[PDB]
Each structure stands twice: as structure tokens, then as C-alpha cells.
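Each remark here refers to the structure printed beneath this line.
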Amino acid sequence: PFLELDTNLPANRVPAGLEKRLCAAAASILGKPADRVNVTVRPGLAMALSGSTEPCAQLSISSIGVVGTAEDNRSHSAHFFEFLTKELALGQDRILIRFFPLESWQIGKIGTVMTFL
Amino acid sequence: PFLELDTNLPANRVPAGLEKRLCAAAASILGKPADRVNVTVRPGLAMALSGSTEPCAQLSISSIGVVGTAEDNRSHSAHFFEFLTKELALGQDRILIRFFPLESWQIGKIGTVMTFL
Amino acid sequence: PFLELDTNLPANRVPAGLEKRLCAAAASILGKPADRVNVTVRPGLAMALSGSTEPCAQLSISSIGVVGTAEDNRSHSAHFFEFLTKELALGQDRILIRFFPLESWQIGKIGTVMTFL
Ligand SMILES: *c1cc(-c2ccccc2)ncn1
Ligand SMILES: *c1cc(-c2ccccc2)ncn1
Ligand SMILES: *c1cc(-c2ccccc2)ncn1
Ligand SMILES: [Cl-]
Ligand SMILES: [Cl-]
Ligand SMILES: [Cl-]
């Protein structure tokens, strides 16, 4: 899966090693191998979340198969909120998530697409 | 709604308070409560827009219900171009927008998804 | 088309002029005019790709008409991997691509949407 985290926390307020811990967390939550998880963190941005510029974060999760239902995504959301609230020292009111199903023809890897792998 | 603005303007050429003014603008344009609008600004990037690296900006707008039609999006576009051209001191040739409908099962909030709220 | 490149290479390890060379490359690969290509590069990020924080890059390509099939996207992927591996001095294991079809009603330009242009 592809996880992207935008935050207005400066880089020096994002704990060292977050991106690797988020790989491990996502592996467990989403039922994916940790060595296939992708994480991108973009800190130091200018953000408002629900109208407020206090510290916040926006997570996007794009994945094959597992992020397409409300019932599944409810579960995923609970677990990612637990992870991020504690890691980033943010309240639950300061994080939102978006879930994006992907299909194999959308993922370019090793010079082809996943459809053929 | 979720608004994301990438620009090659350095942070010191993006007017102070833009993210909050964009919340207010988006609320009016999209018919959404200002206290529910989300804005992310990512300045200082390396960008070409229509082949040119002159100052530019890319806006993405993701929302439930209101960004799914050409006729609606035409209107939204006109209003967001008015806002951003003046705020960023950019010509209309230096901004593009993408519109992304979302469904409630895609939005993780307070440890669940919007489907259940 | 809209090309977005996230990398944990610092800006000073992304070759000068990349964004314009990527416009030219994308024009040839995707069959689009170079003067209509859009590129956004976001360097210096904190990233893991396939669980590893070694240098890597994530490309997203969003376009009308040409990024909707596996067979097409296979070809596009091969060419973009050739371009980026050499430009960024990255192995093929350190790049992934996502392809996103767009429709004309999603693209805001000059205060309207492409549907009406
Ligand atoms: C997340 C996971 C994967 C992946 C690829 C192959 C096998 C399992 C999982 N790819 C992209 N994003
Ligand atoms: C934009 C707006 C909202 C929102 C949520 C509840 C009620 C109104 C609007 N959520 C996300 N992005
Ligand atoms: C990529 C290309 C274009 C474009 C627009 C008009 C004519 C050809 C191509 N727009 C956005 N992204
Ligand atoms: Cl996946
Ligand atoms: Cl919304
Ligand atoms: Cl296009």
C-alpha cells in the first residue's frame, strides 16, 4: 500500500523513525507485508484541518483490495488513529484519513505494471 | 472538503494566513461549513505548469457530493481562480485545478468513517 | 498530464532542470504536447519504499485518455523507469508509479473546466 502523511508539524516535531514504524503498523492493520508498504511523510506544511491551523495531519491510504468498504475502513481508521495520535501527540480531532482503492493496472513497478506480475 | 495547493512560490511569497482565507473561500464556493474545510499548502516545490517553471500553483479539491459535474465544477473553478490569482499574484495561465469526488466510506474521522456518522 | 514526484532525495541531489526534462519525456511517452505537461517535484521528504528508507521516488501520472489500460501503462512504466532511474541515479527497486485516469470535467483551467474548452 501507499501511505502519504501531510503535516504542519515541523520535521523536528515528527518523531525519528516514524516512516518505518508506520510501515510496520500498516502491515498489521491492512494485512500486507511490511516489506511492501510505502510511506511518504511531508512535514512543515501550512495546513488548516477543520478550519484550524493548530498542529494536524492528513493521511491518505491507497491499496489493492482492502480499502474499498465502509466496514473494513472503519476498522482501519480506528487502528491508524491509535497509531498516529500517539506518535504525533495529536488529538483525534486533528487527524483525517482518506482511503483510495487501487487496481493492479494502476501500479507501475519494475518497468511494467502489477497486472503482469 | 480537502483542498491541497502545491506551488513553486517559496513560502515567503505565499501570503500569511492563506490557508485560513482559503477555508473561508471554499466554504462559500462549495456550500460547506468553513469549520469543516481542510487546506494543505506545499510551497517551495520544483514545478513546471504547461511546460514552464515560472511561478505557478496546482489546486486539488476533493469533496462529497458537490464536485462531480462539469456544470458545478465550471462555477467552482471560476471562483477559485478569482481567489487564487489575486492571493498568489498569479495569472490565470499559471493555475490548474483538479476535482475529485469522494464518498463517505473513504473518509476516516475520529477513528471510524463518515458512513457511520 | 499531471506528473507528481515525491522523493527523499534532498533538493541538492535532484538534478537541476529535472522538471523541464520530465515534461519533454512525458510528452514523448504519453503522446501529449510538451507545453501541456505539468510536473511537480517534492524533494527532501521522509520516505520508505517497500519498507526501506534508502533513496527512492514515487511518481503519480494523471491524464485524460492514455493511462487507463494495463497494456498502455506497461509501456509508459518502462519508459518512465528508464528516464527516472538514470536522472535520479536510483535502482529500479527504488521507484514506483501510480496511474490515474482523469475526465475533462475534473480539470479546472482558465476559470472553467476542460469539458467546455
Ligand atoms: C502496497 C503493497 C504492495 C504489494 C505488492 C506486492 C505484493 C504485496 C503487496 N504494493 C504497493 N503498495
Ligand atoms: C470537507 C468537509 C467535510 C464535512 C464533514 C462533515 C460535515 C460537513 C462537511 N469533511 C471533509 N472535507
Ligand atoms: C496534461 C495535458 C493537458 C492538455 C490540455 C489540452 C490539450 C492537450 C493536453 N492538460 C492537463 N494535463
Ligand atoms: Cl496494496
Ligand atoms: Cl466534503
Ligand atoms: Cl492529459
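Identifiers in this document derive from the order of the C-alpha cells: chains are assigned A, B, ..., residues are numbered from 1 separately in each chain, and ligands are numbered from 1 in order of occurrence.
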Once you count only C-alpha atoms and all ligand atoms, which residues end up within 12 Å of ligand 4, and could you hand them over as number ranges by chain?
-> A: 1-3, 26-27, 29-38, 61-68, 99-104, 106-107, 114; C: 50, 98
How would chain C read as a compact mmCIF listing (two decimals) with N, CA, C and O atoms, in the first residue's frame once least-squares superposed on chain A using all paired C-alpha atoms?
# COMPACT_ATOMS: atom_id res chain seq x y z
N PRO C 1 0.82 -1.20 0.00
CA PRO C 1 0.00 0.00 0.00
C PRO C 1 0.85 1.26 0.00
O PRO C 1 2.05 1.23 0.32
N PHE C 2 0.21 2.36 -0.35
CA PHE C 2 0.84 3.67 -0.42
C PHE C 2 0.21 4.55 0.67
O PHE C 2 -0.97 4.87 0.60
N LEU C 3 1.01 4.96 1.64
CA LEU C 3 0.57 5.84 2.70
C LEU C 3 1.28 7.17 2.53
O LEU C 3 2.50 7.22 2.37
N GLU C 4 0.51 8.26 2.57
CA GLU C 4 1.04 9.60 2.43
C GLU C 4 0.52 10.43 3.61
O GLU C 4 -0.68 10.47 3.84
N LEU C 5 1.42 11.08 4.33
CA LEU C 5 1.09 11.83 5.53
C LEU C 5 1.59 13.26 5.38
O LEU C 5 2.80 13.49 5.37
N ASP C 6 0.66 14.21 5.27
CA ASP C 6 0.96 15.63 5.26
C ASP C 6 0.79 16.16 6.69
O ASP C 6 -0.20 15.85 7.34
N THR C 7 1.72 16.98 7.17
CA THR C 7 1.55 17.59 8.48
C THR C 7 2.16 18.98 8.51
O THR C 7 3.14 19.27 7.83
N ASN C 8 1.55 19.83 9.34
CA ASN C 8 2.12 21.13 9.66
C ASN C 8 3.02 21.07 10.89
O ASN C 8 3.58 22.09 11.28
N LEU C 9 3.21 19.90 11.48
CA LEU C 9 4.30 19.74 12.41
C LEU C 9 5.59 19.91 11.63
O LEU C 9 5.77 19.31 10.58
N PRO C 10 6.52 20.72 12.14
CA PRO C 10 7.84 20.77 11.53
C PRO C 10 8.51 19.42 11.62
O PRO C 10 8.16 18.61 12.47
N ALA C 11 9.49 19.18 10.76
CA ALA C 11 10.19 17.91 10.77
C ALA C 11 10.74 17.57 12.15
O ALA C 11 10.75 16.39 12.54
N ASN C 12 11.18 18.58 12.91
CA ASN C 12 11.73 18.30 14.22
C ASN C 12 10.70 18.03 15.29
O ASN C 12 11.07 17.83 16.45
N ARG C 13 9.42 17.98 14.93
CA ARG C 13 8.36 17.53 15.83
C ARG C 13 7.68 16.26 15.31
O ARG C 13 6.63 15.86 15.82
N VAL C 14 8.27 15.63 14.31
CA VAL C 14 7.83 14.33 13.83
C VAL C 14 8.89 13.35 14.33
O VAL C 14 10.07 13.49 14.01
N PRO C 15 8.49 12.35 15.15
CA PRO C 15 9.50 11.50 15.79
C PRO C 15 10.38 10.76 14.80
O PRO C 15 9.89 10.23 13.81
N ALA C 16 11.67 10.72 15.08
CA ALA C 16 12.62 9.98 14.25
C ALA C 16 12.12 8.55 14.07
O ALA C 16 11.67 7.92 15.03
N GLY C 17 12.22 8.04 12.85
CA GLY C 17 11.84 6.67 12.56
C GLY C 17 10.36 6.43 12.30
O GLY C 17 9.95 5.27 12.15
N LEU C 18 9.57 7.49 12.25
CA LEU C 18 8.13 7.33 12.05
C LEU C 18 7.81 6.55 10.80
O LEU C 18 6.94 5.69 10.80
N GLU C 19 8.48 6.87 9.71
CA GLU C 19 8.11 6.24 8.45
C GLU C 19 8.26 4.70 8.52
O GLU C 19 7.38 3.97 8.06
N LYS C 20 9.30 4.19 9.17
CA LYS C 20 9.44 2.74 9.32
C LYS C 20 8.42 2.15 10.30
O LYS C 20 7.89 1.07 10.07
N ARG C 21 8.12 2.86 11.38
CA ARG C 21 7.10 2.36 12.29
C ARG C 21 5.73 2.37 11.63
O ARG C 21 4.91 1.49 11.91
N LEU C 22 5.47 3.32 10.74
CA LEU C 22 4.20 3.34 10.04
C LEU C 22 4.12 2.19 9.03
O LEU C 22 3.03 1.66 8.81
N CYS C 23 5.24 1.77 8.45
CA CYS C 23 5.25 0.56 7.61
C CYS C 23 4.81 -0.66 8.41
O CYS C 23 3.98 -1.42 7.95
N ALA C 24 5.38 -0.84 9.60
CA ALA C 24 5.03 -1.97 10.44
C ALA C 24 3.58 -1.91 10.86
O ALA C 24 2.89 -2.92 10.83
N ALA C 25 3.10 -0.72 11.23
CA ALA C 25 1.73 -0.57 11.67
C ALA C 25 0.77 -0.89 10.54
O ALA C 25 -0.21 -1.61 10.71
N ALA C 26 1.03 -0.31 9.37
CA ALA C 26 0.16 -0.52 8.22
C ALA C 26 0.11 -1.98 7.80
O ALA C 26 -0.93 -2.48 7.38
N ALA C 27 1.24 -2.67 7.90
CA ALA C 27 1.30 -4.09 7.56
C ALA C 27 0.29 -4.86 8.42
O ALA C 27 -0.50 -5.66 7.91
N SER C 28 0.32 -4.61 9.72
CA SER C 28 -0.58 -5.28 10.65
C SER C 28 -2.03 -4.90 10.44
O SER C 28 -2.90 -5.75 10.49
N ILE C 29 -2.29 -3.62 10.22
CA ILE C 29 -3.66 -3.14 10.09
C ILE C 29 -4.31 -3.66 8.81
O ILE C 29 -5.46 -4.10 8.81
N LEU C 30 -3.57 -3.54 7.70
CA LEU C 30 -4.10 -3.78 6.37
C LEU C 30 -3.91 -5.21 5.89
O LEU C 30 -4.44 -5.59 4.84
N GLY C 31 -3.15 -6.01 6.63
CA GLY C 31 -2.89 -7.39 6.22
C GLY C 31 -2.01 -7.45 4.99
O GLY C 31 -2.32 -8.16 4.03
N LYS C 32 -0.93 -6.70 5.01
CA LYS C 32 0.01 -6.61 3.90
C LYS C 32 1.41 -6.84 4.43
O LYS C 32 1.69 -6.59 5.59
N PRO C 33 2.34 -7.30 3.57
CA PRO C 33 3.71 -7.49 4.05
C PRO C 33 4.39 -6.17 4.34
O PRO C 33 4.32 -5.27 3.52
N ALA C 34 5.05 -6.07 5.50
CA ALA C 34 5.72 -4.82 5.87
C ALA C 34 6.72 -4.38 4.81
O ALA C 34 6.90 -3.18 4.58
N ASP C 35 7.37 -5.35 4.15
CA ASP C 35 8.36 -5.01 3.14
C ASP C 35 7.75 -4.56 1.82
O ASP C 35 8.49 -4.25 0.90
N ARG C 36 6.43 -4.51 1.71
CA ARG C 36 5.77 -3.93 0.55
C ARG C 36 5.11 -2.60 0.86
O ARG C 36 4.57 -1.99 -0.06
N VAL C 37 5.15 -2.13 2.10
CA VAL C 37 4.48 -0.88 2.45
C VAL C 37 5.33 0.31 2.06
O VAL C 37 6.55 0.30 2.21
N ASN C 38 4.66 1.34 1.56
CA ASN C 38 5.27 2.58 1.16
C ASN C 38 4.72 3.70 2.03
O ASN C 38 3.51 3.77 2.25
N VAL C 39 5.60 4.54 2.54
CA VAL C 39 5.21 5.68 3.36
C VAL C 39 5.93 6.93 2.87
O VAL C 39 7.14 6.92 2.65
N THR C 40 5.19 8.01 2.73
CA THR C 40 5.73 9.31 2.41
C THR C 40 5.22 10.28 3.47
O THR C 40 4.00 10.41 3.64
N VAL C 41 6.13 10.98 4.15
CA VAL C 41 5.80 12.00 5.13
C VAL C 41 6.29 13.34 4.61
O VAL C 41 7.46 13.47 4.23
N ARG C 42 5.39 14.32 4.60
CA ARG C 42 5.66 15.68 4.14
C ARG C 42 5.38 16.63 5.30
O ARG C 42 4.24 17.03 5.52
N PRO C 43 6.42 16.96 6.07
CA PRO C 43 6.24 17.82 7.24
C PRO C 43 6.46 19.30 6.91
O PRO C 43 6.84 19.66 5.80
N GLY C 44 6.20 20.15 7.89
CA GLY C 44 6.46 21.56 7.77
C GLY C 44 5.54 22.31 6.82
O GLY C 44 5.86 23.43 6.41
N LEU C 45 4.39 21.73 6.48
CA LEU C 45 3.45 22.34 5.57
C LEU C 45 2.60 23.39 6.26
O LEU C 45 2.60 23.49 7.48
N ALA C 46 1.88 24.18 5.48
CA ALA C 46 0.91 25.13 6.03
C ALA C 46 -0.45 24.50 5.88
O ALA C 46 -0.91 24.27 4.77
N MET C 47 -1.09 24.19 7.01
CA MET C 47 -2.33 23.45 6.98
C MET C 47 -3.38 24.04 7.90
O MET C 47 -3.08 24.55 8.98
N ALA C 48 -4.62 23.91 7.45
CA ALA C 48 -5.80 24.03 8.30
C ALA C 48 -6.54 22.70 8.19
O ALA C 48 -6.68 22.13 7.10
N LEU C 49 -6.99 22.19 9.33
CA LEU C 49 -7.81 20.99 9.36
C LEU C 49 -9.03 21.41 10.13
O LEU C 49 -8.93 21.97 11.23
N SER C 50 -10.19 21.19 9.53
CA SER C 50 -11.47 21.63 10.09
C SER C 50 -11.36 23.10 10.53
O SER C 50 -11.71 23.47 11.65
N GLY C 51 -10.84 23.92 9.61
CA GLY C 51 -10.74 25.36 9.78
C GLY C 51 -9.66 25.89 10.69
O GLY C 51 -9.52 27.11 10.82
N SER C 52 -8.91 25.02 11.34
CA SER C 52 -7.94 25.42 12.36
C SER C 52 -6.49 25.10 11.93
O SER C 52 -6.23 24.03 11.44
N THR C 53 -5.57 26.04 12.19
CA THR C 53 -4.15 25.85 11.85
C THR C 53 -3.30 25.28 12.98
O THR C 53 -2.06 25.22 12.86
N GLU C 54 -3.93 24.84 14.06
CA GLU C 54 -3.21 24.10 15.08
C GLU C 54 -2.58 22.83 14.47
O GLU C 54 -2.99 22.37 13.41
N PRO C 55 -1.58 22.24 15.15
CA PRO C 55 -0.97 21.03 14.60
C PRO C 55 -2.02 19.99 14.21
O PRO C 55 -2.99 19.75 14.93
N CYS C 56 -1.79 19.38 13.06
CA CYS C 56 -2.70 18.41 12.47
C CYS C 56 -1.95 17.53 11.48
O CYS C 56 -0.80 17.79 11.14
N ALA C 57 -2.64 16.50 10.99
CA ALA C 57 -2.08 15.63 9.96
C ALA C 57 -3.20 15.06 9.10
O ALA C 57 -4.30 14.79 9.57
N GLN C 58 -2.86 14.83 7.83
CA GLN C 58 -3.74 14.24 6.84
C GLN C 58 -3.07 12.99 6.29
O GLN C 58 -1.99 13.08 5.69
N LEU C 59 -3.71 11.83 6.46
CA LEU C 59 -3.19 10.56 5.95
C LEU C 59 -4.02 10.13 4.75
O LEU C 59 -5.25 10.19 4.80
N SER C 60 -3.36 9.66 3.70
CA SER C 60 -4.01 9.01 2.59
C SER C 60 -3.47 7.60 2.48
O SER C 60 -2.26 7.38 2.63
N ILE C 61 -4.36 6.64 2.24
CA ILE C 61 -4.02 5.23 2.13
C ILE C 61 -4.59 4.70 0.83
O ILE C 61 -5.81 4.72 0.66
N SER C 62 -3.72 4.21 -0.05
CA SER C 62 -4.14 3.69 -1.33
C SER C 62 -3.66 2.25 -1.41
O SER C 62 -2.49 1.97 -1.18
N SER C 63 -4.55 1.34 -1.75
CA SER C 63 -4.22 -0.06 -1.66
C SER C 63 -5.14 -0.90 -2.53
O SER C 63 -6.29 -0.55 -2.78
N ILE C 64 -4.63 -2.04 -2.99
CA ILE C 64 -5.41 -3.04 -3.68
C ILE C 64 -6.25 -3.85 -2.69
O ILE C 64 -5.77 -4.34 -1.67
N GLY C 65 -7.54 -3.97 -2.98
CA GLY C 65 -8.38 -4.96 -2.34
C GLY C 65 -8.97 -4.62 -1.00
O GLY C 65 -10.11 -4.99 -0.75
N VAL C 66 -8.24 -3.93 -0.12
CA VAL C 66 -8.57 -3.91 1.30
C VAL C 66 -9.12 -2.59 1.83
O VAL C 66 -9.48 -2.55 3.00
N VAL C 67 -9.18 -1.54 1.00
CA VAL C 67 -9.66 -0.24 1.47
C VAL C 67 -10.91 0.24 0.71
O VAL C 67 -11.16 1.43 0.59
N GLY C 68 -11.73 -0.71 0.27
CA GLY C 68 -12.88 -0.41 -0.55
C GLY C 68 -14.24 -0.44 0.11
O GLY C 68 -15.22 -0.14 -0.56
N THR C 69 -14.31 -0.83 1.37
CA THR C 69 -15.60 -0.94 2.07
C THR C 69 -15.63 -0.05 3.30
O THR C 69 -14.62 0.18 3.95
N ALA C 70 -16.83 0.36 3.67
CA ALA C 70 -17.00 1.13 4.88
C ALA C 70 -16.63 0.32 6.12
O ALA C 70 -16.02 0.84 7.04
N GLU C 71 -17.04 -0.94 6.16
CA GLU C 71 -16.87 -1.73 7.36
C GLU C 71 -15.40 -1.99 7.64
O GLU C 71 -14.95 -1.90 8.79
N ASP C 72 -14.63 -2.32 6.62
CA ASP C 72 -13.16 -2.52 6.66
C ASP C 72 -12.47 -1.22 7.04
O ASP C 72 -11.56 -1.15 7.84
N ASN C 73 -12.88 -0.16 6.33
CA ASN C 73 -12.21 1.12 6.53
C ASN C 73 -12.46 1.68 7.93
O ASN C 73 -11.61 2.35 8.47
N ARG C 74 -13.63 1.40 8.51
CA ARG C 74 -13.89 1.74 9.90
C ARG C 74 -12.81 1.13 10.80
O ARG C 74 -12.25 1.78 11.68
N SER C 75 -12.55 -0.15 10.60
CA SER C 75 -11.54 -0.83 11.39
C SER C 75 -10.16 -0.24 11.15
O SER C 75 -9.41 0.01 12.08
N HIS C 76 -9.81 -0.04 9.88
CA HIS C 76 -8.51 0.52 9.58
C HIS C 76 -8.34 1.88 10.23
O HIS C 76 -7.30 2.19 10.79
N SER C 77 -9.39 2.69 10.12
CA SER C 77 -9.36 4.03 10.70
C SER C 77 -9.08 3.99 12.20
O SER C 77 -8.22 4.70 12.69
N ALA C 78 -9.79 3.13 12.93
CA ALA C 78 -9.58 3.04 14.36
C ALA C 78 -8.11 2.77 14.66
O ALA C 78 -7.52 3.41 15.54
N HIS C 79 -7.51 1.82 13.96
CA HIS C 79 -6.14 1.44 14.24
C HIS C 79 -5.14 2.54 13.83
O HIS C 79 -4.16 2.77 14.55
N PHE C 80 -5.36 3.19 12.68
CA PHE C 80 -4.45 4.26 12.28
C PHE C 80 -4.57 5.48 13.18
O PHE C 80 -3.57 6.14 13.43
N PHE C 81 -5.77 5.79 13.66
CA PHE C 81 -5.91 6.87 14.63
C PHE C 81 -5.16 6.54 15.92
O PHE C 81 -4.50 7.42 16.48
N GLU C 82 -5.25 5.31 16.41
CA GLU C 82 -4.48 4.94 17.60
C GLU C 82 -2.99 5.17 17.38
O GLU C 82 -2.30 5.74 18.22
N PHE C 83 -2.48 4.71 16.24
CA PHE C 83 -1.08 4.84 15.94
C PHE C 83 -0.66 6.31 15.88
O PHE C 83 0.32 6.70 16.51
N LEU C 84 -1.37 7.11 15.07
CA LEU C 84 -0.93 8.47 14.79
C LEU C 84 -1.16 9.43 15.93
O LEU C 84 -0.34 10.33 16.13
N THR C 85 -2.27 9.29 16.67
CA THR C 85 -2.48 10.17 17.81
C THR C 85 -1.31 10.06 18.77
O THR C 85 -0.80 11.06 19.26
N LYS C 86 -0.88 8.83 19.05
CA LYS C 86 0.22 8.65 19.99
C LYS C 86 1.55 9.06 19.39
O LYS C 86 2.33 9.72 20.06
N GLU C 87 1.84 8.68 18.16
CA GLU C 87 3.14 9.02 17.56
C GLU C 87 3.34 10.52 17.41
O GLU C 87 4.43 11.02 17.65
N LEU C 88 2.30 11.22 16.98
CA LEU C 88 2.40 12.63 16.67
C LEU C 88 1.98 13.53 17.81
O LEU C 88 2.08 14.75 17.69
N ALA C 89 1.50 12.94 18.90
CA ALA C 89 1.00 13.70 20.04
C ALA C 89 -0.11 14.66 19.60
O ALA C 89 -0.14 15.82 19.96
N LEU C 90 -1.04 14.13 18.81
CA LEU C 90 -2.18 14.87 18.28
C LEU C 90 -3.46 14.27 18.83
O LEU C 90 -3.59 13.05 18.95
N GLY C 91 -4.43 15.12 19.09
CA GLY C 91 -5.78 14.68 19.38
C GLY C 91 -6.47 14.09 18.17
O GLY C 91 -6.14 14.39 17.03
N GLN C 92 -7.49 13.28 18.44
CA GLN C 92 -8.26 12.66 17.37
C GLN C 92 -8.97 13.66 16.48
O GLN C 92 -9.32 13.32 15.35
N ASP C 93 -9.21 14.87 16.97
CA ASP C 93 -9.80 15.93 16.20
C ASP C 93 -8.85 16.57 15.20
O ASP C 93 -9.27 17.39 14.39
N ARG C 94 -7.58 16.19 15.22
CA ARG C 94 -6.54 16.84 14.43
C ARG C 94 -5.97 15.93 13.34
O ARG C 94 -4.94 16.26 12.76
N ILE C 95 -6.65 14.82 13.06
CA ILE C 95 -6.24 13.87 12.02
C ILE C 95 -7.45 13.52 11.19
O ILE C 95 -8.54 13.31 11.73
N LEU C 96 -7.27 13.43 9.87
CA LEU C 96 -8.23 12.82 8.97
C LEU C 96 -7.51 11.86 8.04
O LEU C 96 -6.31 12.01 7.78
N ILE C 97 -8.26 10.88 7.54
CA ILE C 97 -7.75 9.86 6.64
C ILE C 97 -8.62 9.84 5.39
O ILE C 97 -9.83 9.98 5.47
N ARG C 98 -8.01 9.62 4.23
CA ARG C 98 -8.72 9.25 3.01
C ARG C 98 -8.21 7.91 2.50
O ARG C 98 -7.01 7.65 2.51
N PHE C 99 -9.16 7.09 2.07
CA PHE C 99 -8.91 5.74 1.55
C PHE C 99 -9.19 5.70 0.06
O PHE C 99 -10.28 6.11 -0.39
N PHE C 100 -8.25 5.15 -0.70
CA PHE C 100 -8.30 5.09 -2.16
C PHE C 100 -8.00 3.67 -2.65
O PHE C 100 -6.84 3.25 -2.72
N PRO C 101 -9.02 2.94 -3.10
CA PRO C 101 -8.74 1.67 -3.75
C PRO C 101 -7.93 1.87 -5.02
O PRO C 101 -8.17 2.81 -5.78
N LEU C 102 -7.00 0.97 -5.26
CA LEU C 102 -6.23 0.89 -6.49
C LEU C 102 -6.47 -0.45 -7.15
O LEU C 102 -6.76 -1.44 -6.48
N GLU C 103 -6.29 -0.48 -8.46
CA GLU C 103 -6.27 -1.72 -9.23
C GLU C 103 -4.86 -1.97 -9.76
O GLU C 103 -4.06 -1.05 -9.89
N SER C 104 -4.59 -3.22 -10.12
CA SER C 104 -3.23 -3.60 -10.47
C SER C 104 -2.68 -2.88 -11.70
O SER C 104 -1.47 -2.69 -11.79
N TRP C 105 -3.55 -2.49 -12.63
CA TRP C 105 -3.12 -1.80 -13.84
C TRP C 105 -2.69 -0.36 -13.56
O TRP C 105 -2.11 0.28 -14.44
N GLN C 106 -2.96 0.12 -12.35
CA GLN C 106 -2.54 1.45 -11.94
C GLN C 106 -1.18 1.52 -11.31
O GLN C 106 -0.69 2.61 -11.07
N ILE C 107 -0.57 0.38 -10.99
CA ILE C 107 0.67 0.38 -10.22
C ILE C 107 1.82 -0.03 -11.12
O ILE C 107 1.93 -1.18 -11.56
N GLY C 108 2.67 0.95 -11.42
CA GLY C 108 3.90 0.74 -12.17
C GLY C 108 5.03 0.35 -11.26
O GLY C 108 5.35 1.03 -10.29
N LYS C 109 5.63 -0.79 -11.56
CA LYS C 109 6.72 -1.32 -10.76
C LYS C 109 7.63 -2.08 -11.70
O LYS C 109 7.18 -2.70 -12.66
N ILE C 110 8.94 -1.94 -11.44
CA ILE C 110 10.00 -2.57 -12.22
C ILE C 110 9.76 -2.47 -13.72
O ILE C 110 10.01 -3.39 -14.48
N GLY C 111 9.32 -1.29 -14.17
CA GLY C 111 9.17 -1.06 -15.59
C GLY C 111 7.99 -1.71 -16.28
O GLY C 111 7.94 -1.71 -17.51
N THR C 112 7.05 -2.26 -15.51
CA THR C 112 5.82 -2.80 -16.03
C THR C 112 4.70 -2.34 -15.10
O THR C 112 4.86 -1.34 -14.39
N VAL C 113 3.55 -3.01 -15.13
CA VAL C 113 2.51 -2.81 -14.13
C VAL C 113 2.19 -4.13 -13.46
O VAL C 113 2.45 -5.22 -13.98
N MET C 114 1.59 -4.02 -12.28
CA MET C 114 1.31 -5.18 -11.44
C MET C 114 0.41 -6.20 -12.10
O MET C 114 0.46 -7.37 -11.74
N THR C 115 -0.41 -5.79 -13.06
CA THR C 115 -1.26 -6.71 -13.79
C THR C 115 -0.47 -7.88 -14.34
O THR C 115 -1.01 -8.99 -14.46
N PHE C 116 0.78 -7.64 -14.72
CA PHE C 116 1.61 -8.64 -15.39
C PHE C 116 2.64 -9.28 -14.48
O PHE C 116 3.55 -9.96 -14.96
N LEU C 117 2.49 -9.12 -13.17
CA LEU C 117 3.42 -9.67 -12.21
C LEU C 117 2.79 -10.66 -11.25
O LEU C 117 3.53 -11.39 -10.57
Write down as a PyMOL selection string the residues of chain A whose backbone DSSP state falls under alpha helix (DSSP H).
-> chain A and resi 18-30+70-88
Test item, strand (DSSP E or B) assignment across chain A, answer as a PyMOL selection string | chain A and resi 2-7+38-42+46-49+52+57-64+95-102+107-109+112-113
